[PDB]
2 protein chains.
Amino acid sequence: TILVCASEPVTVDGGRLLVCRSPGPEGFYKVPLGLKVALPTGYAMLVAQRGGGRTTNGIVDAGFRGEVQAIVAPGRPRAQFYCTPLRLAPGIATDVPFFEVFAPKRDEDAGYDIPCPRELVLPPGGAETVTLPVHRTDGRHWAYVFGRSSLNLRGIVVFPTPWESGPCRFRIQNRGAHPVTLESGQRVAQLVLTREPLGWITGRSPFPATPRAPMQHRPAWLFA
Amino acid sequence: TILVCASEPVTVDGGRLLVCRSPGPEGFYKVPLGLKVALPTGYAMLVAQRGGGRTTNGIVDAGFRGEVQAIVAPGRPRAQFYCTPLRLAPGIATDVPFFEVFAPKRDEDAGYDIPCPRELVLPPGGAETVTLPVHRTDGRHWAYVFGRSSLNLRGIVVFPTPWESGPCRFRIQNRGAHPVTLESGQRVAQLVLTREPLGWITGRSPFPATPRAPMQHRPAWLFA
Ligand SMILES: O=c1ccn([C@H]2C[C@H](O)[C@@H](COP(=O)(O)O)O2)c(=O)[nH]1
Ligand SMILES: [Mg+2]
């Protein structure tokens with residue numbers, strides 16, 4: 001059971017929260033969704049757009065008690081936003097010890113921060129493929145590289161990328177106005193482990209919309 | 001906590017449930033609203049339209065486990081429906097013993113049935129004022145005459161009416177095509193006692209909309 005305090009109308013739709021708001025065409029900036037959630041430990045929540053491509057995928061963790069915001073890129077002025085709770089997995093097997101690559105987190109936190117393995121100078125519009133020296137050794141849960149809120153707000157956009165085979169890889173693109181430098185060791189993304197796959201997440205696009213289909217392990221929402 | 005099992009999108013707005021459906025122009029008929037509720041004992045729920053003049057006010061009582069529906073008159077093809085939880089008051093102080101007028105109820109039921117004092121013959125379009133020989137002795141709680149869902153369906157429409165001072169009175173209108181005859185003793189409306197006012201209820205309208213303003217005591221909804 002997820003607790004939901006809401007200052008504005010919220011639609012519950014196929015297991016996920018749906019909010020209709022009309023941000024401006026500018027970006028990148030934070031679009032308040034009119035609700036707060038209290039996720040139980042072991043849950044996180046994906047925030048993304050319903051049927052459009054101007055929103056960074058966000059991750060709300062179980063310790064977050066502020067208003068939920070969508071962070072959007074420059075785009076068409078109206079938007080619908082989905083929130084999908086994610087049942088977290090404990091870990092995944094890796095050939096290298098897991099915490100020699102990813103940073104330790106709290107049980108309350110959703111994801112494991114990913115330090116940049118090398119300096120990166122992204123000119124405006126520039127993209128780079130970031131690759132980590134670690135492999136998965138089986139397929140018991142799922143794992144996903146997502147951006148970090150701080151970077152998404154700067155228009156430095158990690159492409160939400162699945163990780164089931166090969167090395168941990170993700171694309172990062174600077175949609176900002178100025179060139180950006182990511183220092184080696186800087187926390188540039190996060191790794192989320194899930195009990196159930198996020199089938200739509202492909203790694204090929206900056207702004208993957210969450211599809212309208214309902215989910216399989218739907219939790220309960222309490223509107224208080 | 002009220003428990004909602006929703007097979008369709010439901011909007012939580014300012015404490016009410018909001019549903020947008022596309023009923024046909026015809027009336028009278030039941031419009032399914034995509035949800036079932038398990039009200040706790042001592043709760044009812046008002047079903048009415050939000051911003052249109054087409055829908056009879058209904059009462060879902062605590063025992064009802066089927067699909068919540070709205071019973072609409074003939075009219076416009078588009079419609080939004082509010083569901084307003086109602087905290088029942090246990091009784092009201094009256095000048096004559098309550099149960100000499102109002103029929104007794106179960107605790108799972110929401111309203112106390114109102115037997116028609118005399119016979120009414122209602123030509124199509126014709127309304128009448130029923131008056132019951134009982135007065136209130138204090139404003140302890142609120143009291144409202146609503147319709148009964150069986151008569152709403154037949155176009156025989158009780159005007160939702162408040163009962164603060166004077167005698168229990170209510171108007172009842174036959175918006176059907178054919179004359180109707182209400183028999184003496186027949187159960188022709190229902191009386192509903194509430195801890196909080198339904199401030200917009202006037203008695204002078206067949207299809208009062210429920211206004212958009214959020215309620216005083218938002219209850220907890222649990223989607224499951
Ligand atoms: O379309 C309808 C018709 C009837 N009921 C009912 C059966 C109960 O009579 C009713 C609540 O009114 P009371 O019985 O408490 O008065 O819930 C509904 O929920 N939806
Ligand atoms: Mg009824």
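Letters A, B, ... are given to chains in the order of the sequence lines, protein chains preceding strands, and every chain is numbered from 1.
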Who pairs with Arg148(A) by salt bridge (charged side-chain N to carboxylate O under 4.0 Å, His left out), at least two apart in sequence or on another chain? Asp113(A)
More than 12 heavy atoms from other groups under 6.0 Å of CZ on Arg195(A): yes
Would you say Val47(B) and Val68(B) make side-chain contact, with heavy atoms under 4.5 Å? yes
Within the supplied structure, the quantity of interest is the number of heavy atoms (other residues, nucleotides, ligands) at a distance under 6.0 Å from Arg118(A) CZ; does it exceed 12? yes
Any carboxylate oxygen within less than 4.0 angstrom of a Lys/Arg side-chain nitrogen, looking at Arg87(B) and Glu196(B)? no
For the OG atom of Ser149(A) and the NZ atom of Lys30(A), what is their distance to the nearest 0.5 Å? 5.5 Å
Flag if over 12 foreign heavy atoms under 6.0 Å of NZ, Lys105(A): yes
Any idea how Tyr112(A) and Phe99(A) line up, ring-wise: parallel (<30°), tilted (30 to 60°), or perpendicular (>60°)? tilted
Quick one: does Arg16(B)'s side chain have a donor or acceptor within less than 3.5 Å of a partner on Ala213(B)'s backbone? yes
Should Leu122(A) and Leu182(A) be marked as a side chain to side chain contact (heavy atoms under 4.5 Å, CB included) after you check the CA-CA gap, both sets of side-chain angles, and the distance that decides it? CA-CA 8 Å; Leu122(A) 314 179; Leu182(A) 308 166; 4.0 Å; yes
Please report the interatomic distance CZ(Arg50(B)) to SG(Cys83(B)), rounded to the nearest 0.5 Å. 12.5 Å
Residue pair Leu222(A) / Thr1(B), side-chain heavy-atom distance below 4.5 Å: yes
Could you tell me if the side chain of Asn57(B) sits less than 4.5 Å from the side chain of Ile201(B), heavy atoms only? yes
Stepwise, does the side chain to side chain contact (heavy atoms under 4.5 Å, CB included) test hold for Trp221(B) with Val10(B)? CA-CA 11 Å; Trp221(B) 297 96; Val10(B) 180; over 6 Å; no
Near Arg218(B) CZ, under 6.0 Å, is it more than 12 heavy atoms from other residues, nucleotides or ligands? yes
Between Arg171(A) and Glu128(A), is the salt bridge (charged side-chain N to carboxylate O under 4.0 Å, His left out) condition met? List the steps. CA-CA 6 Å; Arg171(A) 189 168 166 196; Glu128(A) 209 88 54; over 6 Å; no
Can you check whether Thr56(B) reaches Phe28(B) side chain to side chain, under 4.5 Å on heavy atoms? yes
Any chance you could measure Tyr82(B), atom OH, to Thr11(B), atom OG1, to the nearest 0.5 Å? 9.5 Å
Quick one about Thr210(B) and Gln49(B) (side-chain donor to acceptor, distance below 3.5 Å, no hydrogens or angles considered), yes or no? no
To the nearest 0.5 angstrom, please state how far the CG atom of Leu86(A) sits from the CG atom of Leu198(A). 5.5 Å
Is there a side chain to side chain contact (heavy atoms under 4.5 Å, CB included) between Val31(B) and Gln69(B)? Walk through the geometry before answering. CA-CA 5 Å; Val31(B) 175; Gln69(B) 320 214 52; 6.0 Å; no
What is the distance from atom CG of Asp109(A) to atom CD1 of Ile59(A), rounded to the nearest 0.5 Å? 12.5 Å
If only atom types and distance count, is the side chain of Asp13(B) paired as donor or acceptor with the main-chain N or O of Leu17(B) below 3.5 Å? no
Before we go on, tell me: are the rings of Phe207(B) and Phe159(B) under 6.0 Å apart, centre to centre? no
For the CG atom of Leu39(A) and the CZ atom of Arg65(A), what is their distance to the nearest 0.5 Å? 7.0 Å
Distance-only side-chain donor-acceptor flag, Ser22(A) / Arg78(A), under 3.5 Å: no
Report the C-alpha distance between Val188(B) and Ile172(B) in whole Å, list the side-chain angles of each, state the deciding distance to 0.1 Å, and finish with yes or no for side chain to side chain contact (heavy atoms under 4.5 Å, CB included). CA-CA 9 Å; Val188(B) 305; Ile172(B) 168 67; over 6 Å; no
Does any non-hydrogen side-chain atom of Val145(B) lie less than 4.5 Å from one of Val158(B)? yes
pair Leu33(B)-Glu67(B): side-chain heavy atoms closer than 4.5 Å: no
Main chain of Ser184(A), side chain of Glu119(A): is a donor-acceptor contact present, judged purely on distance under 3.5 Å? no
Please indicate whether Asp95(A) has more than 12 foreign heavy atoms, meaning atoms of other residues, nucleotides or ligands, lying under 6.0 Å from its CG. yes
